[PDB]
């Protein structure tokens, strides 16, 4: 645990949280990891336990062991929770993707959203309702949901989520929304404006922010562009930067700090060895679960 909490310092600026991720394994693999989570971060996103493959492996049969543990740990330690993720083309069981009847898929979709959301009703700050539904050029990704139901699945997902748990912030999350002017950013913006004008309950846009070295400086403009979509809030949902330079990390933190709609930042992992991009050492804590230079840089910038 780092003596100075970047979550505390970020919150001091009126932000909601500076959080990270976890699940049973990383929360119990050693003593430093859960200790770091409790001392320096204020929000948790389950890395894998709330995904479709882990929650509904078979049609209508739910498995909530992992997700229960994550939610219970967070709730037991005063950490906000971001549910992730309800509708996604990746980590989706074959039984879902093989469905070809529109009404059958809508039924399945609604039951999945309803069961997962109902189980944690009132305990979730934000839900990534839809994840990665855009192609790089801004067009809608041809996933089973898009292919079988059509663009209306967007309305259905958000409306179902809104009625199931009106207390959770409903988000659409995506990656590569990292620079103003990028096609995917333009597509995210124009579509959300359209959906909001039609009455679709979208509370926020989540920008993953999986960066390469040097890409930190363009994030401020990207967030400014995303703010034009018209949602109530936006957030950096899965931050990690290859090389973990102080300049990149501080640039990204300032990007959120200086944009009124950015409620918080979630770093996709605590320590490098547990990163899904471990070979690029993209996190704030190193192989010894000790704060890296960037962590202190972030603290001294707040």
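Residue numbers count along the first chain shown, from 1.
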On average, are the C-alpha B-factors higher in 257 to 265 or in 238 to 246?
238 to 246
Out of 287 to 295 and 14 to 22, which stretch has the higher average CA B-factor listed in the record?
287 to 295
Peak C-alpha temperature factor (PDB record), options 150, 122, 94, 201
150
Looking at 252, 39, 50, 44, which one carries the largest C-alpha B-factor according to the PDB entry?
39
Within-chain third of residue 57 by Cα B-factor, per the entry
middle
Split into thirds by Cα B-factor across the chain's modelled residues, where does residue 136 land: lowest, middle or highest?
highest
By its CA B factor, does residue 103 count among the lowest, middle or highest third of the modelled residues in the chain?
highest
Pull the Cα B-factor of residue 182 out of the PDB entry and bin it into the chain's lowest, middle or highest third.
highest
Among the modelled residues of this chain, does the Cα B factor of residue 89 put it in the lowest, middle or highest third?
middle
